[PDB]
>>> print(open('my_file.cif').read())   # mmCIF, N, CA and C atoms
data_data
loop_
_atom_site.label_atom_id
_atom_site.label_comp_id
_atom_site.auth_asym_id
_atom_site.auth_seq_id
_atom_site.Cartn_x
_atom_site.Cartn_y
_atom_site.Cartn_z
N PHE O 1 44.56 23.85 166.04
CA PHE O 1 44.24 24.86 167.04
C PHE O 1 45.48 25.68 167.37
N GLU O 2 45.23 26.82 168.01
CA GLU O 2 46.24 27.73 168.51
C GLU O 2 46.15 27.79 170.03
N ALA O 3 47.31 27.85 170.69
CA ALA O 3 47.36 27.68 172.13
C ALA O 3 47.83 28.95 172.83
N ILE O 4 47.20 29.22 173.97
CA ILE O 4 47.67 30.22 174.92
C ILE O 4 47.94 29.49 176.23
N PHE O 5 49.16 29.59 176.73
CA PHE O 5 49.48 28.99 178.02
C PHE O 5 50.29 29.97 178.86
N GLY O 6 49.88 31.23 178.85
CA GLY O 6 50.44 32.20 179.78
C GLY O 6 49.80 33.57 179.77
N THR O 7 49.46 34.07 180.95
CA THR O 7 49.13 35.48 181.15
C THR O 7 49.85 35.94 182.41
N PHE O 8 50.55 37.07 182.32
CA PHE O 8 51.44 37.48 183.39
C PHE O 8 51.29 38.97 183.68
N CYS O 9 51.53 39.32 184.94
CA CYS O 9 51.42 40.69 185.41
C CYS O 9 52.71 41.06 186.13
N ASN O 10 53.01 42.36 186.14
CA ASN O 10 54.24 42.87 186.72
C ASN O 10 54.02 43.17 188.20
N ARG O 11 54.84 42.56 189.05
CA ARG O 11 54.70 42.68 190.50
C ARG O 11 55.52 43.87 190.98
N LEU O 12 54.84 44.97 191.28
CA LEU O 12 55.51 46.19 191.68
C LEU O 12 56.11 46.07 193.08
N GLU O 13 57.18 46.82 193.32
CA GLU O 13 57.81 46.92 194.63
C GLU O 13 57.60 48.32 195.17
N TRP O 14 57.15 48.42 196.42
CA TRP O 14 56.79 49.71 196.99
C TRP O 14 57.99 50.37 197.65
N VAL O 15 57.99 51.70 197.62
CA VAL O 15 59.06 52.52 198.17
C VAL O 15 58.45 53.49 199.18
N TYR O 16 59.11 53.63 200.33
CA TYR O 16 58.65 54.52 201.39
C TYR O 16 59.77 55.45 201.80
N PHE O 17 59.40 56.67 202.21
CA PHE O 17 60.40 57.65 202.60
C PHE O 17 61.07 57.28 203.92
N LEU O 18 60.27 56.91 204.92
CA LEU O 18 60.82 56.66 206.25
C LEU O 18 61.73 55.44 206.29
N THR O 19 61.54 54.47 205.40
CA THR O 19 62.37 53.28 205.39
C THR O 19 63.64 53.45 204.57
N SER O 20 63.85 54.62 203.98
CA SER O 20 65.05 54.86 203.20
C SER O 20 66.17 55.38 204.08
N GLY O 21 67.40 55.19 203.61
CA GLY O 21 68.55 55.70 204.34
C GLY O 21 68.69 57.20 204.25
N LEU O 22 68.20 57.79 203.15
CA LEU O 22 68.27 59.23 202.99
C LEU O 22 67.51 59.95 204.10
N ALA O 23 66.48 59.30 204.65
CA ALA O 23 65.64 59.93 205.66
C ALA O 23 66.43 60.28 206.92
N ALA O 24 67.58 59.64 207.13
CA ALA O 24 68.39 59.94 208.30
C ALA O 24 68.81 61.40 208.35
N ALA O 25 69.01 62.02 207.18
CA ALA O 25 69.40 63.42 207.15
C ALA O 25 68.23 64.35 207.45
N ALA O 26 67.02 63.82 207.49
CA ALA O 26 65.83 64.64 207.68
C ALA O 26 65.31 64.55 209.11
N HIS O 27 64.50 65.53 209.48
CA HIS O 27 63.69 65.52 210.69
C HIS O 27 62.26 65.79 210.24
N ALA O 28 61.56 64.73 209.85
CA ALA O 28 60.30 64.85 209.13
C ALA O 28 59.13 64.84 210.10
N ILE O 29 58.30 65.87 210.01
CA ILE O 29 57.13 66.03 210.87
C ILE O 29 55.95 66.36 209.99
N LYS O 30 54.76 65.92 210.40
CA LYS O 30 53.53 66.20 209.69
C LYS O 30 52.71 67.21 210.49
N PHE O 31 52.27 68.27 209.83
CA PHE O 31 51.69 69.42 210.52
C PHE O 31 50.60 70.02 209.64
N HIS O 32 49.74 70.82 210.26
CA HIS O 32 48.69 71.49 209.51
C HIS O 32 49.25 72.63 208.66
N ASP O 33 48.56 72.93 207.57
CA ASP O 33 48.94 74.03 206.67
C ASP O 33 48.14 75.29 206.98
N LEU O 34 48.41 75.85 208.15
CA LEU O 34 47.59 76.95 208.65
C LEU O 34 48.04 78.32 208.12
N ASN O 35 48.32 78.39 206.82
CA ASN O 35 48.46 79.66 206.09
C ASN O 35 49.41 80.63 206.79
N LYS O 36 50.66 80.22 206.99
CA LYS O 36 51.58 81.03 207.78
C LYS O 36 52.33 82.08 206.97
N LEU O 37 51.62 82.84 206.14
CA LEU O 37 52.07 84.13 205.59
C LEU O 37 53.52 84.12 205.11
N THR O 38 53.97 83.02 204.49
CA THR O 38 55.35 82.86 204.06
C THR O 38 56.29 82.99 205.26
N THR O 39 56.21 82.02 206.17
CA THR O 39 56.92 82.08 207.44
C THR O 39 58.42 81.82 207.27
N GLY O 40 59.06 82.59 206.41
CA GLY O 40 60.48 82.46 206.17
C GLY O 40 61.34 83.22 207.16
N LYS O 41 60.87 83.38 208.39
CA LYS O 41 61.65 84.09 209.41
C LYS O 41 61.79 83.19 210.63
N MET O 42 62.85 82.39 210.64
CA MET O 42 63.32 81.73 211.84
C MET O 42 64.59 82.44 212.30
N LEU O 43 64.51 83.13 213.43
CA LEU O 43 65.59 83.97 213.92
C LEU O 43 66.21 83.30 215.13
N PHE O 44 67.53 83.15 215.12
CA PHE O 44 68.25 82.38 216.12
C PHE O 44 69.32 83.24 216.78
N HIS O 45 69.40 83.15 218.10
CA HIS O 45 70.52 83.68 218.87
C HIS O 45 71.32 82.49 219.37
N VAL O 46 72.50 82.28 218.80
CA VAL O 46 73.30 81.09 219.08
C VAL O 46 74.54 81.51 219.85
N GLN O 47 74.76 80.87 221.00
CA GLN O 47 75.89 81.20 221.84
C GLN O 47 77.20 80.81 221.16
N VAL O 48 78.20 81.66 221.30
CA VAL O 48 79.49 81.49 220.63
C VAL O 48 80.58 81.47 221.70
N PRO O 49 81.49 80.50 221.68
CA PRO O 49 82.56 80.48 222.68
C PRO O 49 83.60 81.56 222.40
N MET G 1 88.14 69.50 238.71
CA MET G 1 87.03 70.42 238.54
C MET G 1 87.45 71.73 237.87
N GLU G 2 86.59 72.73 237.96
CA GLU G 2 86.72 73.93 237.15
C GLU G 2 87.82 74.85 237.66
N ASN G 3 88.26 75.74 236.77
CA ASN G 3 89.15 76.83 237.14
C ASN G 3 88.48 77.73 238.17
N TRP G 4 87.34 78.32 237.81
CA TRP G 4 86.49 79.00 238.77
C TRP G 4 85.04 78.75 238.36
N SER G 5 84.17 78.60 239.35
CA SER G 5 82.81 78.15 239.12
C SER G 5 81.84 79.30 239.32
N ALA G 6 81.01 79.54 238.30
CA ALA G 6 79.98 80.56 238.41
C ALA G 6 78.83 80.12 239.30
N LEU G 7 78.61 78.81 239.42
CA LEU G 7 77.49 78.31 240.22
C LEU G 7 77.58 78.80 241.66
N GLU G 8 78.78 79.10 242.15
CA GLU G 8 78.91 79.66 243.49
C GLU G 8 78.27 81.03 243.58
N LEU G 9 78.16 81.74 242.46
CA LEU G 9 77.77 83.14 242.47
C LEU G 9 76.26 83.34 242.32
N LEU G 10 75.56 82.38 241.71
CA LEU G 10 74.12 82.54 241.51
C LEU G 10 73.35 82.65 242.82
N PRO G 11 73.54 81.77 243.81
CA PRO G 11 72.81 81.97 245.08
C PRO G 11 73.12 83.29 245.75
N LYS G 12 74.37 83.76 245.67
CA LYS G 12 74.70 85.06 246.22
C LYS G 12 73.92 86.16 245.52
N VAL G 13 73.83 86.09 244.19
CA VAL G 13 73.05 87.09 243.46
C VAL G 13 71.57 86.97 243.81
N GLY G 14 71.08 85.76 244.01
CA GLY G 14 69.68 85.51 244.26
C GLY G 14 68.99 84.67 243.22
N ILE G 15 69.73 83.94 242.40
CA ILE G 15 69.17 83.10 241.35
C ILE G 15 69.28 81.65 241.80
N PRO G 16 68.16 80.98 242.09
CA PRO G 16 68.24 79.67 242.75
C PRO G 16 68.46 78.53 241.77
N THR G 17 69.41 77.66 242.10
CA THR G 17 69.64 76.33 241.53
C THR G 17 69.58 76.34 240.00
N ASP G 18 69.13 75.24 239.41
CA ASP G 18 69.17 75.03 237.97
C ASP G 18 67.86 75.36 237.26
N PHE G 19 66.83 75.77 238.01
CA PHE G 19 65.48 76.04 237.51
C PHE G 19 64.75 74.76 237.15
N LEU G 20 65.44 73.62 237.20
CA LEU G 20 64.84 72.38 236.74
C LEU G 20 63.69 71.95 237.64
N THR G 21 64.01 71.62 238.89
CA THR G 21 62.98 71.25 239.85
C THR G 21 62.34 72.47 240.49
N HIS G 22 62.96 73.64 240.37
CA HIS G 22 62.46 74.82 241.06
C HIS G 22 61.24 75.41 240.35
N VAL G 23 61.41 75.84 239.10
CA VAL G 23 60.31 76.49 238.39
C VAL G 23 59.16 75.53 238.16
N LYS G 24 59.43 74.22 238.14
CA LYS G 24 58.36 73.24 238.01
C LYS G 24 57.49 73.23 239.26
N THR G 25 58.12 73.15 240.43
CA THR G 25 57.37 73.02 241.68
C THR G 25 56.88 74.36 242.21
N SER G 26 57.63 75.44 241.98
CA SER G 26 57.22 76.76 242.45
C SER G 26 56.17 77.40 241.55
N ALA G 27 55.77 76.72 240.48
CA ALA G 27 54.79 77.28 239.55
C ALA G 27 53.37 77.23 240.09
N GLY G 28 53.06 76.28 240.96
CA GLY G 28 51.67 76.04 241.31
C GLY G 28 50.87 75.48 240.16
N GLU G 29 51.54 74.85 239.19
CA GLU G 29 50.93 74.20 238.04
C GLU G 29 50.33 75.20 237.06
N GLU G 30 50.36 76.49 237.41
CA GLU G 30 49.86 77.50 236.48
C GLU G 30 50.99 78.08 235.64
N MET G 31 52.13 78.38 236.27
CA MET G 31 53.28 78.85 235.50
C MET G 31 53.95 77.70 234.77
N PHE G 32 53.69 76.46 235.18
CA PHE G 32 54.34 75.31 234.56
C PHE G 32 53.91 75.14 233.11
N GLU G 33 52.61 75.21 232.85
CA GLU G 33 52.12 75.07 231.48
C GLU G 33 52.54 76.25 230.62
N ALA G 34 52.54 77.45 231.19
CA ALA G 34 52.99 78.63 230.46
C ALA G 34 54.46 78.49 230.08
N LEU G 35 55.28 77.97 231.00
CA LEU G 35 56.68 77.74 230.69
C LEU G 35 56.83 76.69 229.59
N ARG G 36 56.04 75.62 229.67
CA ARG G 36 56.16 74.57 228.66
C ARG G 36 55.80 75.07 227.28
N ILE G 37 54.79 75.93 227.17
CA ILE G 37 54.35 76.37 225.85
C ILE G 37 55.19 77.55 225.36
N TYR G 38 55.35 78.58 226.18
CA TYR G 38 55.94 79.83 225.70
C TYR G 38 57.45 79.89 225.89
N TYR G 39 58.04 78.99 226.68
CA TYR G 39 59.49 78.99 226.88
C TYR G 39 60.15 77.75 226.31
N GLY G 40 59.74 76.57 226.73
CA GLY G 40 60.33 75.33 226.26
C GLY G 40 60.42 74.31 227.37
N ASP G 41 60.38 73.03 226.99
CA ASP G 41 60.43 71.93 227.94
C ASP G 41 61.85 71.46 228.21
N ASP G 42 62.84 72.06 227.57
CA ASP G 42 64.24 71.68 227.76
C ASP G 42 65.07 72.93 227.58
N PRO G 43 65.30 73.69 228.66
CA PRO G 43 66.02 74.96 228.53
C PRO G 43 67.44 74.81 228.04
N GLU G 44 68.10 73.71 228.36
CA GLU G 44 69.37 73.39 227.74
C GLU G 44 69.16 73.16 226.25
N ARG G 45 70.25 73.25 225.49
CA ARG G 45 70.23 73.13 224.04
C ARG G 45 69.52 74.30 223.39
N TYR G 46 68.22 74.47 223.65
CA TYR G 46 67.46 75.50 222.96
C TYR G 46 66.39 76.06 223.87
N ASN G 47 65.88 77.23 223.48
CA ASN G 47 64.84 77.95 224.19
C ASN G 47 64.22 78.95 223.22
N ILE G 48 62.92 79.20 223.36
CA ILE G 48 62.25 80.14 222.47
C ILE G 48 61.98 81.43 223.24
N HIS G 49 61.94 82.51 222.49
CA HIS G 49 61.93 83.86 223.02
C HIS G 49 61.10 84.74 222.09
#
>>> encode(input="my_file.cif", output="structure tokens")
Amino acid sequence: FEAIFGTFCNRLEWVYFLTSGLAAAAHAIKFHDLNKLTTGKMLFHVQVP
Amino acid sequence: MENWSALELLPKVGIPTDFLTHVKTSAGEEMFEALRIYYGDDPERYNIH
């Protein structure tokens, strides 16, 4: 006879954005995609000493 | 303390206190929500215009 004494599967490890150290550089918010017409205009008046 | 303090001059001009407890209580709860949405909940650091 011929024998089989093993079947094995690969145990994946999960990765999350919020649990990473890189996320510290981000300010991540979840928001609706309400079609904001290419809202590339954030205009700032910043006080200067 | 300071070299010279501008806070002495605001009441003379007619601008009361820090606006913190003033505009909140003088709003009658109607100007309060308008301030929170259209102005900001923390006038220090940042404000929208």
>>> atom_distance(input="my_file.cif", atom1="atom CA of residue G:46", atom2="atom N of residue G:33")
17.8 Å
>>> residues_near_point(input="my_file.cif", point="(71.9, 81.2, 222.5)", cutoff="12 Å", atoms="only C-alpha atoms", output="ChimeraX atom specification")
/O:43-49 /G:43-49
>>> select_by_dssp(input="my_file.cif", residues="chain O", states="helix (DSSP H, G or I)", output="PDB file with N, CA and C atoms, in the frame of the given file")
ATOM      1  N   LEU O  22      68.200  57.790 203.150  1.00  0.00           N
ATOM      2  CA  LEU O  22      68.270  59.230 202.990  1.00  0.00           C
ATOM      3  C   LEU O  22      67.510  59.950 204.100  1.00  0.00           C
ATOM      4  N   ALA O  23      66.480  59.300 204.650  1.00  0.00           N
ATOM      5  CA  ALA O  23      65.640  59.930 205.660  1.00  0.00           C
ATOM      6  C   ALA O  23      66.430  60.280 206.920  1.00  0.00           C
ATOM      7  N   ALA O  24      67.580  59.640 207.130  1.00  0.00           N
ATOM      8  CA  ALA O  24      68.390  59.940 208.300  1.00  0.00           C
ATOM      9  C   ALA O  24      68.810  61.400 208.350  1.00  0.00           C
ATOM     10  N   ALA O  25      69.010  62.020 207.180  1.00  0.00           N
ATOM     11  CA  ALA O  25      69.400  63.420 207.150  1.00  0.00           C
ATOM     12  C   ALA O  25      68.230  64.350 207.450  1.00  0.00           C
TER      13      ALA O  25
END
>>> closest_residue(input="my_file.cif", among="O:14, O:42, O:9, O:29", to="chain G", atoms="only C-alpha atoms")
O:42
>>> atom_distance(input="my_file.cif", atom1="atom CA of residue G:28", atom2="atom CA of residue G:6")
28.8 Å
>>> atom_distance(input="my_file.cif", atom1="atom N of residue G:16", atom2="atom CA of residue G:31")
16.4 Å
>>> build_atoms(input="my_file.cif", residues="stretch 27-39 of chain G", atoms="N, CA, C and O atoms", output="CSV table (one decimal), keeping the file's coordinate frame")
chain,number,residue,atom,x,y,z
G,27,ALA,N,55.8,76.7,240.5
G,27,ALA,CA,54.8,77.3,239.6
G,27,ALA,C,53.4,77.2,240.1
G,27,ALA,O,52.6,78.1,239.7
G,28,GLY,N,53.1,76.3,241.0
G,28,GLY,CA,51.7,76.0,241.3
G,28,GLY,C,50.9,75.5,240.2
G,28,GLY,O,49.6,75.6,240.1
G,29,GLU,N,51.5,74.8,239.2
G,29,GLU,CA,50.9,74.2,238.0
G,29,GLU,C,50.3,75.2,237.1
G,29,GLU,O,49.8,74.8,236.0
G,30,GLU,N,50.4,76.5,237.4
G,30,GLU,CA,49.9,77.5,236.5
G,30,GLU,C,51.0,78.1,235.6
G,30,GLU,O,50.8,78.3,234.4
G,31,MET,N,52.1,78.4,236.3
G,31,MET,CA,53.3,78.8,235.5
G,31,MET,C,54.0,77.7,234.8
G,31,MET,O,54.7,77.9,233.8
G,32,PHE,N,53.7,76.5,235.2
G,32,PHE,CA,54.3,75.3,234.6
G,32,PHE,C,53.9,75.1,233.1
G,32,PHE,O,54.8,75.0,232.2
G,33,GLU,N,52.6,75.2,232.8
G,33,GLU,CA,52.1,75.1,231.5
G,33,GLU,C,52.5,76.2,230.6
G,33,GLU,O,52.9,76.1,229.4
G,34,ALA,N,52.5,77.4,231.2
G,34,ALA,CA,53.0,78.6,230.5
G,34,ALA,C,54.5,78.5,230.1
G,34,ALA,O,54.9,78.9,229.0
G,35,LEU,N,55.3,78.0,231.0
G,35,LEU,CA,56.7,77.7,230.7
G,35,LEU,C,56.8,76.7,229.6
G,35,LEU,O,57.6,76.8,228.7
G,36,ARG,N,56.0,75.6,229.7
G,36,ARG,CA,56.2,74.6,228.7
G,36,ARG,C,55.8,75.1,227.3
G,36,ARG,O,56.4,74.7,226.3
G,37,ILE,N,54.8,75.9,227.2
G,37,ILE,CA,54.4,76.4,225.8
G,37,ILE,C,55.2,77.6,225.4
G,37,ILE,O,55.7,77.5,224.2
G,38,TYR,N,55.4,78.6,226.2
G,38,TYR,CA,55.9,79.8,225.7
G,38,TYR,C,57.4,79.9,225.9
G,38,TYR,O,58.1,80.8,225.3
G,39,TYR,N,58.0,79.0,226.7
G,39,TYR,CA,59.5,79.0,226.9
G,39,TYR,C,60.2,77.8,226.3
G,39,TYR,O,61.1,77.9,225.5
